[PDB]
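Trainee: Handing over structure_38.pdb, PDB, C-alpha atoms.
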MODEL        1
ATOM      1  CA  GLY L   1       0.000   0.000   0.000  1.00  0.00           C
ATOM      2  CA  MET L   2       1.058   3.581  -0.845  1.00  0.00           C
ATOM      3  CA  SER L   3      -0.477   7.135  -0.467  1.00  0.00           C
ATOM      4  CA  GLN L   4      -4.130   6.020  -0.007  1.00  0.00           C
ATOM      5  CA  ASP L   5      -3.174   3.508   2.718  1.00  0.00           C
ATOM      6  CA  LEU L   6      -1.449   6.292   4.720  1.00  0.00           C
ATOM      7  CA  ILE L   7      -4.788   8.200   4.660  1.00  0.00           C
ATOM      8  CA  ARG L   8      -6.850   5.408   6.239  1.00  0.00           C
ATOM      9  CA  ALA L   9      -4.003   4.477   8.588  1.00  0.00           C
ATOM     10  CA  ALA L  10      -4.733   7.869  10.319  1.00  0.00           C
ATOM     11  CA  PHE L  11      -8.431   6.942  10.775  1.00  0.00           C
ATOM     12  CA  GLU L  12      -7.502   3.624  12.422  1.00  0.00           C
ATOM     13  CA  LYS L  13      -4.714   5.108  14.606  1.00  0.00           C
ATOM     14  CA  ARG L  14      -7.277   7.033  16.601  1.00  0.00           C
ATOM     15  CA  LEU L  15     -10.555   5.063  16.235  1.00  0.00           C
ATOM     16  CA  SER L  16      -9.247   1.529  16.905  1.00  0.00           C
ATOM     17  CA  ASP L  17      -7.280   2.893  19.891  1.00  0.00           C
ATOM     18  CA  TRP L  18     -10.512   4.497  21.128  1.00  0.00           C
ATOM     19  CA  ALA L  19     -12.500   1.264  20.744  1.00  0.00           C
ATOM     20  CA  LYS L  20     -10.021  -0.664  22.997  1.00  0.00           C
ATOM     21  CA  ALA L  21      -9.448   2.287  25.385  1.00  0.00           C
ATOM     22  CA  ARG L  22     -13.215   2.247  26.022  1.00  0.00           C
ATOM     23  CA  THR L  23     -14.392   0.403  29.125  1.00  0.00           C
ATOM     24  CA  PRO L  24     -16.869  -1.964  27.237  1.00  0.00           C
ATOM     25  CA  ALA L  25     -13.998  -2.283  24.680  1.00  0.00           C
ATOM     26  CA  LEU L  26     -15.778  -2.669  21.334  1.00  0.00           C
ATOM     27  CA  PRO L  27     -14.882  -4.645  18.167  1.00  0.00           C
ATOM     28  CA  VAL L  28     -13.970  -2.261  15.320  1.00  0.00           C
ATOM     29  CA  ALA L  29     -15.270  -3.751  12.006  1.00  0.00           C
ATOM     30  CA  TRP L  30     -13.537  -1.890   9.083  1.00  0.00           C
ATOM     31  CA  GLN L  31     -13.758  -2.295   5.258  1.00  0.00           C
ATOM     32  CA  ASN L  32     -12.712  -5.762   3.891  1.00  0.00           C
ATOM     33  CA  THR L  33     -12.181  -6.732   7.570  1.00  0.00           C
ATOM     34  CA  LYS L  34     -14.440  -8.771   9.877  1.00  0.00           C
ATOM     35  CA  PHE L  35     -14.646  -8.661  13.655  1.00  0.00           C
ATOM     36  CA  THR L  36     -16.509 -11.306  15.656  1.00  0.00           C
ATOM     37  CA  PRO L  37     -17.750 -12.275  18.262  1.00  0.00           C
ATOM     38  CA  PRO L  38     -19.396  -8.953  19.215  1.00  0.00           C
ATOM     39  CA  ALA L  39     -18.871  -7.360  22.622  1.00  0.00           C
ATOM     40  CA  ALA L  40     -21.928  -9.194  24.004  1.00  0.00           C
ATOM     41  CA  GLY L  41     -24.093  -8.121  21.006  1.00  0.00           C
ATOM     42  CA  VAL L  42     -22.656  -4.577  20.987  1.00  0.00           C
ATOM     43  CA  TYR L  43     -20.427  -3.895  17.940  1.00  0.00           C
ATOM     44  CA  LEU L  44     -19.451  -1.099  15.491  1.00  0.00           C
ATOM     45  CA  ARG L  45     -19.555  -1.370  11.681  1.00  0.00           C
ATOM     46  CA  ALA L  46     -17.448   1.561  10.363  1.00  0.00           C
ATOM     47  CA  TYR L  47     -17.515   2.337   6.631  1.00  0.00           C
ATOM     48  CA  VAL L  48     -14.987   4.872   5.316  1.00  0.00           C
ATOM     49  CA  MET L  49     -16.210   6.274   1.939  1.00  0.00           C
ATOM     50  CA  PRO L  50     -13.397   7.904  -0.109  1.00  0.00           C
ATOM     51  CA  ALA L  51     -13.794   9.952  -3.296  1.00  0.00           C
ATOM     52  CA  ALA L  52     -13.438   7.868  -6.480  1.00  0.00           C
ATOM     53  CA  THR L  53     -13.544   9.969  -9.684  1.00  0.00           C
ATOM     54  CA  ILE L  54     -13.757   8.511 -13.235  1.00  0.00           C
ATOM     55  CA  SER L  55     -10.082   9.528 -13.542  1.00  0.00           C
ATOM     56  CA  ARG L  56      -8.993  11.174 -16.898  1.00  0.00           C
ATOM     57  CA  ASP L  57      -7.951  14.781 -16.211  1.00  0.00           C
ATOM     58  CA  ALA L  58      -5.813  17.430 -18.062  1.00  0.00           C
ATOM     59  CA  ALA L  59      -3.207  18.207 -15.387  1.00  0.00           C
ATOM     60  CA  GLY L  60      -2.059  16.372 -12.208  1.00  0.00           C
ATOM     61  CA  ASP L  61      -2.825  19.078  -9.636  1.00  0.00           C
ATOM     62  CA  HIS L  62      -6.352  19.417  -8.229  1.00  0.00           C
ATOM     63  CA  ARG L  63      -8.857  17.770  -5.901  1.00  0.00           C
ATOM     64  CA  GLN L  64      -9.215  17.273  -2.129  1.00  0.00           C
ATOM     65  CA  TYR L  65      -9.726  13.503  -1.965  1.00  0.00           C
ATOM     66  CA  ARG L  66     -12.799  14.123   0.121  1.00  0.00           C
ATOM     67  CA  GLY L  67     -15.340  11.651   1.415  1.00  0.00           C
ATOM     68  CA  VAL L  68     -17.643  10.669   4.248  1.00  0.00           C
ATOM     69  CA  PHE L  69     -17.284   8.190   7.100  1.00  0.00           C
ATOM     70  CA  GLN L  70     -20.319   6.314   8.437  1.00  0.00           C
ATOM     71  CA  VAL L  71     -20.631   4.179  11.610  1.00  0.00           C
ATOM     72  CA  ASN L  72     -23.532   2.002  12.793  1.00  0.00           C
ATOM     73  CA  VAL L  73     -23.807   1.740  16.569  1.00  0.00           C
ATOM     74  CA  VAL L  74     -25.609  -1.567  17.178  1.00  0.00           C
ATOM     75  CA  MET L  75     -26.463  -2.703  20.724  1.00  0.00           C
ATOM     76  CA  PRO L  76     -28.819  -5.525  21.863  1.00  0.00           C
ATOM     77  CA  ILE L  77     -32.326  -5.015  23.293  1.00  0.00           C
ATOM     78  CA  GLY L  78     -31.472  -6.048  26.869  1.00  0.00           C
ATOM     79  CA  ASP L  79     -34.683  -4.073  27.620  1.00  0.00           C
ATOM     80  CA  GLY L  80     -33.952  -0.362  28.204  1.00  0.00           C
ATOM     81  CA  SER L  81     -30.732  -0.602  26.140  1.00  0.00           C
ATOM     82  CA  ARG L  82     -30.273   3.040  25.041  1.00  0.00           C
ATOM     83  CA  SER L  83     -26.431   2.839  24.718  1.00  0.00           C
ATOM     84  CA  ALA L  84     -26.553   4.333  21.174  1.00  0.00           C
ATOM     85  CA  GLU L  85     -26.539   7.756  22.890  1.00  0.00           C
ATOM     86  CA  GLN L  86     -23.531   7.104  25.158  1.00  0.00           C
ATOM     87  CA  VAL L  87     -21.563   5.982  22.088  1.00  0.00           C
ATOM     88  CA  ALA L  88     -22.691   8.930  19.911  1.00  0.00           C
ATOM     89  CA  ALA L  89     -21.593  11.263  22.747  1.00  0.00           C
ATOM     90  CA  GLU L  90     -18.225   9.551  23.510  1.00  0.00           C
ATOM     91  CA  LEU L  91     -17.428   9.605  19.769  1.00  0.00           C
ATOM     92  CA  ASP L  92     -18.506  13.299  19.662  1.00  0.00           C
ATOM     93  CA  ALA L  93     -15.942  14.096  22.380  1.00  0.00           C
ATOM     94  CA  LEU L  94     -13.362  12.217  20.270  1.00  0.00           C
ATOM     95  CA  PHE L  95     -14.267  13.923  16.891  1.00  0.00           C
ATOM     96  CA  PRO L  96     -13.950  17.789  16.988  1.00  0.00           C
ATOM     97  CA  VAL L  97     -14.738  19.888  13.837  1.00  0.00           C
ATOM     98  CA  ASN L  98     -10.999  20.500  13.176  1.00  0.00           C
ATOM     99  CA  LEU L  99     -10.121  16.757  13.498  1.00  0.00           C
ATOM    100  CA  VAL L 100      -6.356  17.361  13.226  1.00  0.00           C
ATOM    101  CA  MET L 101      -4.846  13.967  12.244  1.00  0.00           C
ATOM    102  CA  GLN L 102      -1.850  13.763   9.895  1.00  0.00           C
ATOM    103  CA  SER L 103      -1.659  10.561   7.912  1.00  0.00           C
ATOM    104  CA  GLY L 104       1.836   9.580   6.737  1.00  0.00           C
ATOM    105  CA  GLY L 105       0.854  11.148   3.371  1.00  0.00           C
ATOM    106  CA  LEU L 106      -1.187  14.307   4.053  1.00  0.00           C
ATOM    107  CA  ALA L 107      -3.424  15.913   6.642  1.00  0.00           C
ATOM    108  CA  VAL L 108      -7.119  14.973   6.804  1.00  0.00           C
ATOM    109  CA  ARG L 109      -9.890  17.194   8.281  1.00  0.00           C
ATOM    110  CA  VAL L 110     -13.554  16.461   9.084  1.00  0.00           C
ATOM    111  CA  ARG L 111     -14.962  19.814   7.769  1.00  0.00           C
ATOM    112  CA  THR L 112     -18.416  19.075   9.176  1.00  0.00           C
ATOM    113  CA  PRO L 113     -19.419  18.886  12.853  1.00  0.00           C
ATOM    114  CA  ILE L 114     -20.635  15.574  14.318  1.00  0.00           C
ATOM    115  CA  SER L 115     -24.175  14.379  13.500  1.00  0.00           C
ATOM    116  CA  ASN L 116     -26.530  11.640  14.803  1.00  0.00           C
ATOM    117  CA  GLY L 117     -30.264  10.722  14.517  1.00  0.00           C
ATOM    118  CA  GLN L 118     -33.071   8.443  15.777  1.00  0.00           C
ATOM    119  CA  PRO L 119     -32.728   4.677  15.143  1.00  0.00           C
ATOM    120  CA  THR L 120     -35.000   2.485  12.947  1.00  0.00           C
ATOM    121  CA  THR L 121     -35.112  -0.506  15.393  1.00  0.00           C
ATOM    122  CA  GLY L 122     -34.073  -4.103  14.551  1.00  0.00           C
ATOM    123  CA  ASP L 123     -34.981  -7.768  15.191  1.00  0.00           C
ATOM    124  CA  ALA L 124     -33.335  -7.763  18.664  1.00  0.00           C
ATOM    125  CA  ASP L 125     -31.143  -4.625  18.285  1.00  0.00           C
ATOM    126  CA  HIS L 126     -31.496  -0.963  17.248  1.00  0.00           C
ATOM    127  CA  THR L 127     -29.181   1.067  14.935  1.00  0.00           C
ATOM    128  CA  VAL L 128     -28.673   4.864  14.892  1.00  0.00           C
ATOM    129  CA  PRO L 129     -27.533   6.991  11.842  1.00  0.00           C
ATOM    130  CA  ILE L 130     -24.100   8.491  12.700  1.00  0.00           C
ATOM    131  CA  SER L 131     -21.526  10.032  10.298  1.00  0.00           C
ATOM    132  CA  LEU L 132     -19.248  12.950   9.407  1.00  0.00           C
ATOM    133  CA  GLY L 133     -17.551  14.228   6.222  1.00  0.00           C
ATOM    134  CA  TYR L 134     -13.752  14.385   5.707  1.00  0.00           C
ATOM    135  CA  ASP L 135     -11.172  15.944   3.226  1.00  0.00           C
ATOM    136  CA  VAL L 136      -7.450  15.461   2.358  1.00  0.00           C
ATOM    137  CA  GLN L 137      -4.919  18.287   2.000  1.00  0.00           C
ATOM    138  CA  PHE L 138      -2.142  18.884  -0.553  1.00  0.00           C
ATOM    139  CA  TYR L 139       0.025  21.495   1.205  1.00  0.00           C
ATOM    140  CA  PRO L 140       3.597  21.750  -0.166  1.00  0.00           C
ATOM    141  CA  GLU L 141       6.509  19.857   1.439  1.00  0.00           C
TER     142      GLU L 141
ENDMDL
END
Please, can you express the file's structure as structure tokens?
Mentor:
Amino acid sequence: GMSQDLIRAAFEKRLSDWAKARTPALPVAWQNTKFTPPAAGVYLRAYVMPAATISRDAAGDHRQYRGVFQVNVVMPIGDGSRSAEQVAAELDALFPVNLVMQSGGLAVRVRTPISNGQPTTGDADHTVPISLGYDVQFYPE
């Protein structure tokens, strides 16, 4: 891996470390990766969504390699299991609107503030909509 991998290696450096630093210590299911068993039916599916153009351009200097990142906080219906909120709020504390993390390539920056919403319920779980945007710099060396 080159350039691109450095990007995502910033995302993991903080988020995986947060997942294990946490007291319930959650599995951290990334792209092409699997994590199982859950933490007792609590787990975190975390989809990074880069930009992917159609390529073909007329110089080699442009763009911001921007994207979104999307997590699904799933927790079991133990009755009165509302933990979606706790997780949204702990991740809010971890993700400020400046989001200063330097990958080994560039810097990356959230742009947007944190967002959350109501869940849609599940078969024995619920799931809340949580995401932010992100961009990638090209400052000179």
Trainee: Excluding region 10-26 of chain L and residues on its chain fewer than 5 positions from it, collect all residues at most 9 Å away from it, counting all atoms listed in the file, and give them as a list in words.
Mentor: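 Within the cut-off, the hits are residues 5, 38, 39, 42, 43, 44, 48, 91, 94, 101, 102, 103, 104, 107 and 108 of chain L.
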Trainee: For the provided coordinates, the residues matched by the PyMOL selection byres ((chain L and resi 62) around 12) should be stated as a list in words.
Mentor: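 Those residues are residues 53, 55, 57, 58, 59, 60, 61, 63, 64, 65, 66, 136, 137, 138 and 139 of chain L.
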Trainee: Produce a file of the selected residues containing C-alpha atoms, as a tab-separated table (two decimals), in the frame of the given file.
Mentor:
chain	number	residue	atom	x	y	z
L	53	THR	CA	-13.54	9.97	-9.68
L	55	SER	CA	-10.08	9.53	-13.54
L	57	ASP	CA	-7.95	14.78	-16.21
L	58	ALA	CA	-5.81	17.43	-18.06
L	59	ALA	CA	-3.21	18.21	-15.39
L	60	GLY	CA	-2.06	16.37	-12.21
L	61	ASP	CA	-2.82	19.08	-9.64
L	63	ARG	CA	-8.86	17.77	-5.90
L	64	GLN	CA	-9.22	17.27	-2.13
L	65	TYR	CA	-9.73	13.50	-1.96
L	66	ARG	CA	-12.80	14.12	0.12
L	136	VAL	CA	-7.45	15.46	2.36
L	137	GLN	CA	-4.92	18.29	2.00
L	138	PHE	CA	-2.14	18.88	-0.55
L	139	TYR	CA	0.02	21.50	1.20
Trainee: Please evaluate the PyMOL selection byres ((chain L and resi 74) around 7) against the structure above and give the resulting residues as a PDB file with C-alpha atoms, in the coordinates of the input.
Mentor:
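Now in result39.pdb:
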ATOM      1  CA  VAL L  42     -22.656  -4.577  20.987  1.00  0.00           C
ATOM      2  CA  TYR L  43     -20.427  -3.895  17.940  1.00  0.00           C
ATOM      3  CA  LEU L  44     -19.451  -1.099  15.491  1.00  0.00           C
ATOM      4  CA  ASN L  72     -23.532   2.002  12.793  1.00  0.00           C
ATOM      5  CA  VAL L  73     -23.807   1.740  16.569  1.00  0.00           C
ATOM      6  CA  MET L  75     -26.463  -2.703  20.724  1.00  0.00           C
ATOM      7  CA  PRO L  76     -28.819  -5.525  21.863  1.00  0.00           C
ATOM      8  CA  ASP L 125     -31.143  -4.625  18.285  1.00  0.00           C
ATOM      9  CA  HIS L 126     -31.496  -0.963  17.248  1.00  0.00           C
ATOM     10  CA  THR L 127     -29.181   1.067  14.935  1.00  0.00           C
TER      11      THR L 127
END
Trainee: Take CA of residue 70 (chain L) and CA of residue 47 (chain L) and report the distance between them in Å, one decimal.
Mentor: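 Here the two named atoms are 5.2 Å from each other.
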Trainee: Hey, can you check how far CA of residue 49 (chain L) sits from CA of residue 8 (chain L)?
Mentor: 10.3 Å
Trainee: Evaluate the PyMOL selection byres ((chain L and resi 131) around 12) here and jot the selected residues down as a ChimeraX atom specification.
Mentor: /L:45-49,67-73,88,91-92,95,110,112-117,128-130,132-134
Trainee: Give me a file of those residues, with C-alpha atoms, as an mmCIF file, keeping the file's coordinate frame.
Mentor:
data_model
loop_
_atom_site.group_PDB
_atom_site.id
_atom_site.type_symbol
_atom_site.label_atom_id
_atom_site.label_comp_id
_atom_site.auth_asym_id
_atom_site.auth_seq_id
_atom_site.Cartn_x
_atom_site.Cartn_y
_atom_site.Cartn_z
ATOM 1 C CA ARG L 45 -19.555 -1.370 11.681
ATOM 2 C CA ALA L 46 -17.448 1.561 10.363
ATOM 3 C CA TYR L 47 -17.515 2.337 6.631
ATOM 4 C CA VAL L 48 -14.987 4.872 5.316
ATOM 5 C CA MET L 49 -16.210 6.274 1.939
ATOM 6 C CA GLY L 67 -15.340 11.651 1.415
ATOM 7 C CA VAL L 68 -17.643 10.669 4.248
ATOM 8 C CA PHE L 69 -17.284 8.190 7.100
ATOM 9 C CA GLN L 70 -20.319 6.314 8.437
ATOM 10 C CA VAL L 71 -20.631 4.179 11.610
ATOM 11 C CA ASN L 72 -23.532 2.002 12.793
ATOM 12 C CA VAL L 73 -23.807 1.740 16.569
ATOM 13 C CA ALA L 88 -22.691 8.930 19.911
ATOM 14 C CA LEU L 91 -17.428 9.605 19.769
ATOM 15 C CA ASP L 92 -18.506 13.299 19.662
ATOM 16 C CA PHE L 95 -14.267 13.923 16.891
ATOM 17 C CA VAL L 110 -13.554 16.461 9.084
ATOM 18 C CA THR L 112 -18.416 19.075 9.176
ATOM 19 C CA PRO L 113 -19.419 18.886 12.853
ATOM 20 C CA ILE L 114 -20.635 15.574 14.318
ATOM 21 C CA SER L 115 -24.175 14.379 13.500
ATOM 22 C CA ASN L 116 -26.530 11.640 14.803
ATOM 23 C CA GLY L 117 -30.264 10.722 14.517
ATOM 24 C CA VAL L 128 -28.673 4.864 14.892
ATOM 25 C CA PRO L 129 -27.533 6.991 11.842
ATOM 26 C CA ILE L 130 -24.100 8.491 12.700
ATOM 27 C CA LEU L 132 -19.248 12.950 9.407
ATOM 28 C CA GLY L 133 -17.551 14.228 6.222
ATOM 29 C CA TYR L 134 -13.752 14.385 5.707
#
Trainee: Using all atoms listed in the file, find the one residue out of L:123, L:93, L:135, L:105 that sits nearest to residue 9 (chain L).
Mentor: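 Closest residue, counting all atoms listed in the file: L:105.
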Trainee: Using CA of residue 35 (chain L) and CA of residue 124 (chain L) as the two end points, give the distance in Å to one decimal.
Mentor: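 CA of residue 124 (chain L) lies 19.4 Å from CA of residue 35 (chain L).
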Trainee: My list of candidates is L:122, L:1, L:97, L:37. Which is closest to residue 109 (chain L) when distances are computed with only C-alpha atoms?
Mentor: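 Among L:122, L:1, L:97, L:37, it is L:97 that comes nearest to residue 109 (chain L).
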Trainee: When you count all atoms listed in the file, which of these residues is closest to residue 50 (chain L): L:31, L:36, L:81, L:121?
Mentor: L:31
Trainee: Once 5 Å is added on each side, what centre and edge lengths in Å to one decimal does the axis-aligned box around all listed atoms of region 55-69 of chain L have, as JSON?
Mentor:
{"center_x": -9.9, "center_y": 13.8, "center_z": -5.5, "size_x": 25.6, "size_y": 21.2, "size_z": 35.2}
